[PDB]
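S.K.: Got a structure for you, questions after.
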Amino acid sequence: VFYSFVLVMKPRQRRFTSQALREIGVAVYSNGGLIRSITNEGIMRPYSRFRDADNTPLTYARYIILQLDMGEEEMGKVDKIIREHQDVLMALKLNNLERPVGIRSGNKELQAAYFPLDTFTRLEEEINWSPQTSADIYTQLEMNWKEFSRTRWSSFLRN
Amino acid sequence: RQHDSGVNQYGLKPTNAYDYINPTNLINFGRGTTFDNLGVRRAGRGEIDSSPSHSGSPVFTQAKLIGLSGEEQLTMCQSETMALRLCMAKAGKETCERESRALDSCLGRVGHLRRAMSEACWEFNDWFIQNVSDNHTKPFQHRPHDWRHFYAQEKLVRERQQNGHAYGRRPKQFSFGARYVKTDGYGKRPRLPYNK
Amino acid sequence: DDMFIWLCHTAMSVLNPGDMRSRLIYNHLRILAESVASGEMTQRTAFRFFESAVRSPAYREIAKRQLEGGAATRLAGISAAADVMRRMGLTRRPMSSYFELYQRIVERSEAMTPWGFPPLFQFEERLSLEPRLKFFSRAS
Amino acid sequence: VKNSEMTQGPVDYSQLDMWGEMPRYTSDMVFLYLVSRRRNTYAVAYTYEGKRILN
Amino acid sequence: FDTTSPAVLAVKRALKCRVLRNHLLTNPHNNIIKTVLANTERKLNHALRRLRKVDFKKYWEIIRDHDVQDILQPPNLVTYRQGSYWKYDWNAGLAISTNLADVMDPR
Amino acid sequence: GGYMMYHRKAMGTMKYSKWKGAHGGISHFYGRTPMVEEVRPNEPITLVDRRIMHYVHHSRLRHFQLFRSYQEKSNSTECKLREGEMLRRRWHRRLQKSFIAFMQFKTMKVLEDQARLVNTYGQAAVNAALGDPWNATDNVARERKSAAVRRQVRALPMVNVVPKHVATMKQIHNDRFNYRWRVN
Amino acid sequence: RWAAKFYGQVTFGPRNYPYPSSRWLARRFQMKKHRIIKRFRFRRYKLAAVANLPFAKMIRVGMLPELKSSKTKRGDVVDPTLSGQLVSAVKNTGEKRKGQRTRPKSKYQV
RNA sequence: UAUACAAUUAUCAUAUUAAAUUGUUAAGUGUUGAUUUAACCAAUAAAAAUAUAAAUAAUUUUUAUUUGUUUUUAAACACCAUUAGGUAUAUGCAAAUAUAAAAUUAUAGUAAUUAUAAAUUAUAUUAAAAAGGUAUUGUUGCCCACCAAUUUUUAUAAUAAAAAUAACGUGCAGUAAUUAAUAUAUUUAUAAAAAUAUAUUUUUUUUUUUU
Ligand SMILES: [Mg+2]
Ligand SMILES: [Mg+2]
Ligand SMILES: [Mg+2]
Ligand SMILES: [Mg+2]
Ligand SMILES: [Mg+2]
Ligand SMILES: [Mg+2]
Ligand SMILES: [Mg+2]
Ligand SMILES: [Mg+2]
Ligand SMILES: [Mg+2]
Ligand SMILES: [Mg+2]
Ligand SMILES: [Mg+2]
Ligand SMILES: [Mg+2]
Ligand SMILES: [Mg+2]
């Protein structure tokens with residue numbers, strides 16, 4: 001991804017969650033950027049109690065993942081927009097997604113010298129693995145590899 | 001001839017020019033000194049100046065190695081003593097000497113085991129003296145100033161990053177919460193020293 | 001008597017000292033021995049003489065045609081080293097030479113890293129080991 | 001797959017969840033605080049709802 | 001594939017210099033970049049003074065595009081009076097490079 | 001005044017002083033709790049405690065915490081002490097390896113001795129001496145022997161000693177677990 | 001810095017002495033530095049360097065007739081306007097005004 | 001009086017090819033009270049965690065730029081003083097050990113030198129074994145400043161500075177030396193010096209390869 005966010009939010013009535021997410025989204029569109037994926041997660045129990053705008057500590061919070069394509073200039077604006085919203089407890093930001101840690105160290109990349117387009121195409125989920133991932137995806141990966149490489153040109157040279 | 005080449009009639013044979021100006025060095029290395037004991041600078045064993053050295057600092061922990069007489073010392077029988085203790089604490093109507101027999105068996109063996117370990121360890125002291133120890137002849141490695149050159153190499157690096165300027169300089173320690181107590185326009189985190 | 005110690009070193013302390021039956025290397029050893037007795041040479045000097053003595057061209061590459069790790073068999077060494085002490089007049093009673101050279105080796109056989117030696121303590125030097133811990137010594 | 005540390009098949013959930021290995025409290029529990037200090041030691045007890053029992 | 005030639009060098013260094021300048025305008029103390037700006041400015045000075053003896057019109061239009069005339073100004077009267085400002089293009093080896101005949105009839 | 005939790009004066013008991021934070025149930029310590037142990041049914045908490053404490057002490061965490069939580073020390077003395085610690089460690093490691101490289105030789109000489117016992121008494125005999133059930137007619141004998149081995153292998157809980165904390169006068173080191181003098 | 005780090009040559013030991021100074025020598029020179037500094041403090045020294053003036057030549061303000069400590073010695077001759085301004089500087093240096101940066105104070109500064 | 005440094009490795013003050021700079025997080029109330037300290041006294045107590053890549057090498061920056069002093073306590077710890085407070089850490093100014101040098105002292109005329117490291121010095125819980133000396137038949141050893149006389153040079157700052165010096169009176173600063181020392185910084189003062197902030201051993205060591 002170009003940018004990503006993890007947004008720890010207060011667990012409110014659904015109409016409010018939807019309004020808040022519409023506000024963040026519109027704040028991203030106005031600033032001339034895109035949303036790769038807005039992923040929803042449940043109301044979880046974190047390891048740290050968060051206080052909201054009421055200064056009332058919270059045991060539970062709704063987690064929400066943002067993945068954005070912006071300019072680095074106007075994500076300052078979106079940053080202090082998101083962090084200043086009352087329904088967001090915490091937001092952590094990943095800017096490292098284009099050059100993550102495991103590449104371009106003493107010619108680790110075979111047949112290319114730092115191809116940037118490898119990790120840009122990808123989403124955050126495949127750059128940073130989630131805990132549930134097991135050896136099983138090693139299977140799926142390749143059925144999604146081989147299959148892809150079969151249909152790509154034929155699909156592209158159609159139009 | 002009848003004795004060592006490094007030792008003549010009156011004491012250690014004085015090769016370097018330090019020996020001729022300071023010839024107390026030939027005949028006295030300490031209170032563990034005898035005359036046969038010159039040129040062998042280590043003196044007997046259990047004796048003053050008998051300790052072998054490793055990169056210059058003497059080896060005074062030997063028993064602690066084989067786990068005889070140490071706080072971390074190896075214990076032979078545990079399960080036995082615990083078992084027997086349990087027996088004692090449970091009830092007084094039945095008395096089990098079966099446990100005390102397994103235990104005293106265990107101990108009876110332990111004695112010989114220990115004498116064996118001690119003997120093997122003295123053989124280790126001998127071997128360590130022959131094939132490892134420098135006999136207190138090399139500079140200590142075990143305290144940070146001995147490694148000063150190493151640290152220097154690091155200071156140099158942080159200097160070349162700073163345009164080859166501030167040597168031995170470090171960032172000013174700020175405050176417990178310097179970042180959130182300061183207004184816009186003032187440095188909220190400690191900078192590189194050259195950056196001040 | 002230190003002679004026996006020296007010879008023990010030439011026998012057991014040297015990987016591949018050529019074929020020790022051959023009259024060439026044999027004469028090297030003979031001469032050096034007679035020079036350790038009668039004090040004409042230091043033990044260290046005579047040892048470094050022995051191992052640096054001239055043997056045969058392309059020595060290592062002929063050694064690849066016999067040895068794997070360059071460790072020869074020690075029989076030729078001991079038979080030569082006893083032979084030299086017998087032919088030189090070293091002992092009044094003939095057997096003693098062979099016995100001592102043999103015995104001192106057998107005792108060292110039990111020691112940890114037996115055939116290696118620290119270079120400083122191996123021979124005569126300013127600082128020495130106590131007479132109990134000396135290497136092929138009678139007092140060990 | 002041959003070289004992987006990761007189990008392939010259904011994976012036990014108890015080896016994932018954060019709160020699996022952690023305390024499980026009850027409205028009736030008493031929390032005893034034993035604080036050892038250098039020159040002192042003391043003890044207190046608290047209701048689960050946070051109310052102090054004895055001094 | 002030209003990089004090392006004078007015009008190119010002068011331009012890229014001109015740009016780098018502007019960037020660092022406005023950067024220092026924002027966040028006042030990083031003296032690392034003060035130093036890097038000064039070094040860049042020096043190498044720019046070299047590049048430009050070699051340019052005017054290679055082709056001067058391009059030199060001119062670079063100065064007019066990026067507004068760097070301030071680093072072409074001779075530093076101080078002392079070293080200027082001794083003709084060590086003009087002595088530079090001697091060391092650079094461009095002193096005789098003119099090829100008159102297109103300009104200035106040599107007769 | 002406001003003190004940190006590891007401060008000397010931290011939780012005071014006085015007429016003015018009042019403890020800070022939610023102190024029970026879900027509490028001030030919520031995500032700050034370094035260790036948690038579910039007590040196994042019928043296990044005294046003294047084994048639990050001595051296990052925790054042995055752990056902390058052997059990995060030199062209780063060292064660190066005691067050290068830093070009592071006095072301030074400049075980053076130079078902290079560096080000096082930590083790197084001194086680490087270099088003393090390095091030295092003693094290089095001693096241990098020597099000891100071990102010798103003890104593997106000793107162990108070899110032992111195993112060799114065992115071989116000589118083998119060809120004096122024959123292999124099978126030696127195996128007999130070592131507890132080989134050649135006298136086991138039926139499985140019931142086997143299950144007696146293995147029941148013995150089972151009752152040995154089961155590990156009674158180890159009570160591992162934790163060195164006491166020594167309180168000295170002005171406390172040059174509150175890491176003090178022994179009475180030896182130290183270089184500050 | 002303006003003042004002198006050291007007084008006299010504090011690193012005199014034999015070549016390759018692996019420290020800047022020995023304990024002995026550094027203690028001697030610490031003594032001499034101590035005496036000089038103590039003299040500066042008790043006599044209440046004040047120096048000044050004024051803009052648009054030769055700098056190496058510093059007006060000694062501690063000898064000025066108003067700020068002079070001695071009741072006897074003839075102090076120094078400095079321009080009337082300049083000396084008034086120096087007196088005002090020394091005076092208004094003394095105390096901390098809030099919003100200004102805290103600067104170290106002493107008895108001997110007055 | 002004249003009469004031959006080094007240039008392969010030399011510690012106090014003349015820097016120089018360098019990638020940084022910027023991030024709003026945490027923490028707080030139940031109740032009747034001996035916490036901290038070797039010992040005193042004031043008196044709510046909890047707390048402030050994230051960034052790599054990239055920047056090309058050398059030839060005219062030396063009047064330029066640069067080497068831990070920093071608004072806001074209505075926020076604490078810490079430190080300094082003592083029940084009445086001060087202060088509480090890089091927006092002004094501030095070149096400076098990381099070495100270019102010719103016997104010590106001394107503002108570059110004073111005395112005749114100085115500095116220096118491995119000999120020697122009895123008690124640190126191993127199945128008795130590791131240790132320092134400014135002294136030199138060695139702690140009943142040496143030494144340190146102020147406090148008088150005088151001698152001599154001068155760049156005369158409470159009471160000038162410096163050097164020779166053998167009185168009197170305070171002490172006990174130093175030799176790991178009765179709270180280890182050393183350097184810088186700031187404060188303090190009968191006198192050595194002492195308090196605090198940083199670096200550091202020319203101070204003595206105590207040692208978890210996932211428990
Ligand atoms: Mg000794
Ligand atoms: Mg207050
Ligand atoms: Mg001072
Ligand atoms: Mg210089
Ligand atoms: Mg302030
Ligand atoms: Mg005079
Ligand atoms: Mg005087
Ligand atoms: Mg004293
Ligand atoms: Mg002192
Ligand atoms: Mg002292
Ligand atoms: Mg000091
Ligand atoms: Mg005093
Ligand atoms: Mg001082």
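Labeling convention for the structure tokens: chains A, B, ... as they appear, residues from 1 per chain, ligands from 1 in order of appearance.
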Which residues are near range 38-43 of chain E? Cut-off 9 Å, only C-alpha atoms (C1' of nucleotides), ignore same chain within fewer than 5 positions. Put them as a ChimeraX atom specification.
M.R.: /E:9-10,13-14,16-17,33,48,71 /H:17-18,61,65
S.K.: Would you output that residue set with N, CA and C atoms (P, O5', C5', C4', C3', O3' and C1' of nucleotides), as a PDB file, in the first residue's frame?
M.R.:
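Below you can see part-v4.pdb, which holds the result:
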```
ATOM      1  N   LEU E   9      25.289  19.350 -14.174  1.00  0.00           N
ATOM      2  CA  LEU E   9      25.766  19.484 -12.810  1.00  0.00           C
ATOM      3  C   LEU E   9      25.279  20.771 -12.157  1.00  0.00           C
ATOM      4  N   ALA E  10      25.514  21.891 -12.837  1.00  0.00           N
ATOM      5  CA  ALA E  10      25.085  23.197 -12.349  1.00  0.00           C
ATOM      6  C   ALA E  10      23.597  23.218 -12.064  1.00  0.00           C
ATOM      7  N   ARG E  13      22.548  20.914  -9.025  1.00  0.00           N
ATOM      8  CA  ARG E  13      23.030  21.486  -7.772  1.00  0.00           C
ATOM      9  C   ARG E  13      22.251  22.736  -7.410  1.00  0.00           C
ATOM     10  N   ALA E  14      21.809  23.474  -8.426  1.00  0.00           N
ATOM     11  CA  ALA E  14      20.961  24.645  -8.214  1.00  0.00           C
ATOM     12  C   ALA E  14      19.653  24.253  -7.536  1.00  0.00           C
ATOM     13  N   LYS E  16      18.963  21.289  -5.868  1.00  0.00           N
ATOM     14  CA  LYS E  16      19.262  20.771  -4.537  1.00  0.00           C
ATOM     15  C   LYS E  16      19.393  21.924  -3.540  1.00  0.00           C
ATOM     16  N   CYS E  17      20.157  22.935  -3.944  1.00  0.00           N
ATOM     17  CA  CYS E  17      20.355  24.133  -3.137  1.00  0.00           C
ATOM     18  C   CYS E  17      19.042  24.835  -2.766  1.00  0.00           C
ATOM     19  N   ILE E  33      22.397  20.041   7.753  1.00  0.00           N
ATOM     20  CA  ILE E  33      21.945  20.471   6.450  1.00  0.00           C
ATOM     21  C   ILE E  33      22.434  21.868   6.125  1.00  0.00           C
ATOM     22  N   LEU E  48      29.157  26.383 -12.154  1.00  0.00           N
ATOM     23  CA  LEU E  48      28.838  27.594 -12.902  1.00  0.00           C
ATOM     24  C   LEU E  48      30.071  28.273 -13.491  1.00  0.00           C
ATOM     25  N   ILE E  71      25.869  33.274  -5.334  1.00  0.00           N
ATOM     26  CA  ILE E  71      27.014  32.403  -5.105  1.00  0.00           C
ATOM     27  C   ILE E  71      28.085  32.579  -6.175  1.00  0.00           C
TER      28      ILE E  71
ATOM     29  P     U H  17      36.045  16.487   5.365  1.00  0.00           P
ATOM     30  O5'   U H  17      34.757  15.888   4.664  1.00  0.00           O
ATOM     31  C5'   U H  17      33.560  15.713   5.408  1.00  0.00           C
ATOM     32  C4'   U H  17      32.545  14.948   4.610  1.00  0.00           C
ATOM     33  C3'   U H  17      33.097  13.714   3.899  1.00  0.00           C
ATOM     34  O3'   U H  17      32.128  12.661   3.917  1.00  0.00           O
ATOM     35  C1'   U H  17      32.220  15.252   2.301  1.00  0.00           C
ATOM     36  P     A H  18      32.238  11.483   5.011  1.00  0.00           P
ATOM     37  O5'   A H  18      31.118  11.842   6.082  1.00  0.00           O
ATOM     38  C5'   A H  18      29.764  12.022   5.697  1.00  0.00           C
ATOM     39  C4'   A H  18      29.149  13.173   6.446  1.00  0.00           C
ATOM     40  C3'   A H  18      27.642  13.317   6.345  1.00  0.00           C
ATOM     41  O3'   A H  18      26.960  12.477   7.254  1.00  0.00           O
ATOM     42  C1'   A H  18      28.681  15.424   6.027  1.00  0.00           C
ATOM     43  P     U H  61      35.990  26.819  -1.175  1.00  0.00           P
ATOM     44  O5'   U H  61      35.937  27.733   0.127  1.00  0.00           O
ATOM     45  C5'   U H  61      35.366  29.029   0.077  1.00  0.00           C
ATOM     46  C4'   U H  61      34.363  29.208   1.184  1.00  0.00           C
ATOM     47  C3'   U H  61      34.934  29.558   2.546  1.00  0.00           C
ATOM     48  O3'   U H  61      35.247  30.930   2.665  1.00  0.00           O
ATOM     49  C1'   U H  61      33.318  27.840   2.779  1.00  0.00           C
ATOM     50  P     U H  65      27.837  33.168  10.354  1.00  0.00           P
ATOM     51  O5'   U H  65      27.591  31.605  10.551  1.00  0.00           O
ATOM     52  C5'   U H  65      26.529  30.939   9.881  1.00  0.00           C
ATOM     53  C4'   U H  65      26.778  29.455   9.757  1.00  0.00           C
ATOM     54  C3'   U H  65      27.051  28.717  11.054  1.00  0.00           C
ATOM     55  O3'   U H  65      25.870  28.421  11.777  1.00  0.00           O
ATOM     56  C1'   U H  65      28.650  28.073   9.441  1.00  0.00           C
TER      57        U H  65
END
```
S.K.: As JSON, numbers by chain, please: the residues near residue 136 in chain A (cut-off 10 Å, only C-alpha atoms (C1' of nucleotides), same-chain neighbours under 4 positions excluded).
M.R.: {"A": [140, 141], "D": [1, 6, 7, 8, 9, 10]}
S.K.: Can those selected residues be exported to a file as a short mmCIF file (atom, residue, chain, number, x, y, z; two decimals), in the first residue's frame so that it contains C-alpha atoms?
M.R.:
```cif
data_model
loop_
_atom_site.label_atom_id
_atom_site.label_comp_id
_atom_site.auth_asym_id
_atom_site.auth_seq_id
_atom_site.Cartn_x
_atom_site.Cartn_y
_atom_site.Cartn_z
CA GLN A 140 -3.56 -21.20 -2.11
CA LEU A 141 -0.85 -18.77 -3.02
CA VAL D 1 5.90 -26.10 3.14
CA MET D 6 3.65 -23.40 10.65
CA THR D 7 1.16 -26.24 11.26
CA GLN D 8 -0.89 -27.11 8.18
CA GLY D 9 -4.43 -28.22 8.86
CA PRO D 10 -7.05 -26.79 11.19
#
```
S.K.: Using DSSP assignments from the backbone, pull out every residue in range 122-154 of chain A that falls under alpha helix (DSSP H) and give it to me as JSON, numbers by chain.
M.R.: {"A": [124, 125, 126, 127, 136, 137, 138, 139, 140, 141, 142, 143, 144, 145, 146, 147, 148, 149, 150, 151, 152, 153, 154]}
S.K.: Please determine the contact residues of chain A with respect to chain D at a cut-off of 12 Å, counting only C-alpha atoms, and supply them as a VMD selection string.
M.R.: chain A and resid 44 to 47 130 to 142
S.K.: Print the selection's residues with C-alpha atoms to a file, as a PDB file, in the first residue's frame.
M.R.:
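Saved file part02.pdb follows:
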```
ATOM      1  CA  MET A  44     -12.509  -6.200  20.694  1.00  0.00           C
ATOM      2  CA  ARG A  45     -10.974  -6.142  24.155  1.00  0.00           C
ATOM      3  CA  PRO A  46      -7.566  -4.464  23.956  1.00  0.00           C
ATOM      4  CA  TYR A  47      -4.653  -4.843  26.398  1.00  0.00           C
ATOM      5  CA  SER A 130      -1.780 -11.920  10.366  1.00  0.00           C
ATOM      6  CA  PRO A 131      -1.438 -14.579  13.090  1.00  0.00           C
ATOM      7  CA  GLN A 132      -3.989 -17.030  11.688  1.00  0.00           C
ATOM      8  CA  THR A 133      -1.923 -17.527   8.519  1.00  0.00           C
ATOM      9  CA  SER A 134      -0.634 -21.100   8.412  1.00  0.00           C
ATOM     10  CA  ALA A 135       1.154 -23.322   5.901  1.00  0.00           C
ATOM     11  CA  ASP A 136      -2.220 -23.671   4.184  1.00  0.00           C
ATOM     12  CA  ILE A 137      -1.846 -20.402   2.258  1.00  0.00           C
ATOM     13  CA  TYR A 138       1.355 -21.795   0.710  1.00  0.00           C
ATOM     14  CA  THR A 139      -1.102 -23.925  -1.200  1.00  0.00           C
ATOM     15  CA  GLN A 140      -3.560 -21.198  -2.107  1.00  0.00           C
ATOM     16  CA  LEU A 141      -0.852 -18.771  -3.015  1.00  0.00           C
ATOM     17  CA  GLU A 142       0.357 -20.916  -5.853  1.00  0.00           C
TER      18      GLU A 142
END
```
S.K.: Go through chain G residue by residue and, counting only C-alpha atoms and all ligand atoms, keep those with an atom at most 12 Å from ligand 11; for each kept residue give the shortest atom pair and its distance in Å to one decimal, ordered by chain and increasing number, as a tab-separated table.
M.R.:
```
residue	atom	partner	partner_atom_place_in_ligand_line	distance
G:23	CA	ligand 11	1 (Mg)	10.2
G:26	CA	ligand 11	1 (Mg)	9.5
G:27	CA	ligand 11	1 (Mg)	8.3
G:28	CA	ligand 11	1 (Mg)	11.7
G:29	CA	ligand 11	1 (Mg)	11.5
G:30	CA	ligand 11	1 (Mg)	8.2
G:31	CA	ligand 11	1 (Mg)	10.4
G:33	CA	ligand 11	1 (Mg)	12.0
G:34	CA	ligand 11	1 (Mg)	10.9
```
S.K.: Would you give me, as a PyMOL selection string, the residues in chain D that DSSP reads as strand (DSSP E or B)?
M.R.: chain D and resi 30-36+41-47+52
S.K.: Do you know which residues are at most 10 Å from residue 103 in chain G counting only C-alpha atoms (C1' of nucleotides), after dropping those on the same chain fewer than 4 positions away, and could you put them as a count of residues only?
M.R.: 6
S.K.: Using only C-alpha atoms (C1' of nucleotides), which protein or nucleic acid residues come within 8 Å of residue 64 in chain B? Drop anything in the same chain fewer than 4 positions from it, and give the result as number ranges by chain.
M.R.: B: 68-70, 72-73; H: 126
S.K.: May I ask you to extract the residues of chain F within 9 Å of chain A, using only C-alpha atoms, and to give them as a short mmCIF file (atom, residue, chain, number, x, y, z; two decimals) with N, CA and C atoms, in the first residue's frame?
M.R.:
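Saved to part21.cif:
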```cif
data_model
loop_
_atom_site.label_atom_id
_atom_site.label_comp_id
_atom_site.auth_asym_id
_atom_site.auth_seq_id
_atom_site.Cartn_x
_atom_site.Cartn_y
_atom_site.Cartn_z
N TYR F 30 -3.87 -2.72 35.12
CA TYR F 30 -4.54 -3.52 34.11
C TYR F 30 -3.60 -4.14 33.07
N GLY F 31 -2.93 -3.31 32.28
CA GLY F 31 -2.01 -3.81 31.28
C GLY F 31 -0.56 -3.71 31.70
N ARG F 32 -0.35 -3.32 32.96
CA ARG F 32 0.99 -3.14 33.51
C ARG F 32 1.51 -4.35 34.29
#
```
S.K.: Please compute the CA of residue 81 in chain F-CA of residue 144 in chain B distance, one decimal, in Å.
M.R.: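 Separation between CA of residue 81 in chain F and CA of residue 144 in chain B: 8.8 Å.
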S.K.: Please produce, as JSON lines, a per-residue contact table for range 18-65 of chain F versus range 28-42 of chain D (criterion: any atom at most 12 Å away, only C-alpha atoms considered), showing the nearest atom pair and its distance in Å to one decimal, sorted by chain then residue number.
M.R.:
```
{"residue": "F:23", "atom": "CA", "partner": "D:31", "partner_atom": "CA", "distance": 9.1}
{"residue": "F:24", "atom": "CA", "partner": "D:31", "partner_atom": "CA", "distance": 6.6}
{"residue": "F:25", "atom": "CA", "partner": "D:31", "partner_atom": "CA", "distance": 7.2}
{"residue": "F:26", "atom": "CA", "partner": "D:31", "partner_atom": "CA", "distance": 10.5}
{"residue": "F:27", "atom": "CA", "partner": "D:31", "partner_atom": "CA", "distance": 10.5}
{"residue": "F:29", "atom": "CA", "partner": "D:33", "partner_atom": "CA", "distance": 11.8}
```
S.K.: Given the selection you just returned, output its residues as a file containing N, CA, C and O atoms, formatted as a PDB file, in the first residue's frame.
M.R.:
```pdb
ATOM      1  N   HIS F  23      -8.054   0.730  42.339  1.00  0.00           N
ATOM      2  CA  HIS F  23      -7.201  -0.220  43.017  1.00  0.00           C
ATOM      3  C   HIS F  23      -7.716  -1.642  43.142  1.00  0.00           C
ATOM      4  O   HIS F  23      -7.072  -2.467  43.779  1.00  0.00           O
ATOM      5  N   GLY F  24      -8.859  -1.951  42.551  1.00  0.00           N
ATOM      6  CA  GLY F  24      -9.310  -3.325  42.606  1.00  0.00           C
ATOM      7  C   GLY F  24     -10.058  -3.784  41.377  1.00  0.00           C
ATOM      8  O   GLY F  24     -10.575  -2.966  40.614  1.00  0.00           O
ATOM      9  N   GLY F  25     -10.141  -5.102  41.202  1.00  0.00           N
ATOM     10  CA  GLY F  25     -10.825  -5.676  40.057  1.00  0.00           C
ATOM     11  C   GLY F  25     -10.091  -5.355  38.780  1.00  0.00           C
ATOM     12  O   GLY F  25      -8.938  -5.746  38.599  1.00  0.00           O
ATOM     13  N   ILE F  26     -10.774  -4.667  37.873  1.00  0.00           N
ATOM     14  CA  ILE F  26     -10.090  -4.081  36.737  1.00  0.00           C
ATOM     15  C   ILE F  26      -9.511  -2.750  37.212  1.00  0.00           C
ATOM     16  O   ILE F  26     -10.241  -1.816  37.554  1.00  0.00           O
ATOM     17  N   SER F  27      -8.185  -2.675  37.209  1.00  0.00           N
ATOM     18  CA  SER F  27      -7.471  -1.744  38.074  1.00  0.00           C
ATOM     19  C   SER F  27      -6.472  -0.850  37.364  1.00  0.00           C
ATOM     20  O   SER F  27      -6.412  -0.796  36.137  1.00  0.00           O
ATOM     21  N   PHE F  29      -3.434  -1.386  37.390  1.00  0.00           N
ATOM     22  CA  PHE F  29      -2.361  -2.268  36.948  1.00  0.00           C
ATOM     23  C   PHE F  29      -2.736  -3.070  35.718  1.00  0.00           C
ATOM     24  O   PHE F  29      -2.016  -3.993  35.336  1.00  0.00           O
TER      25      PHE F  29
END
```
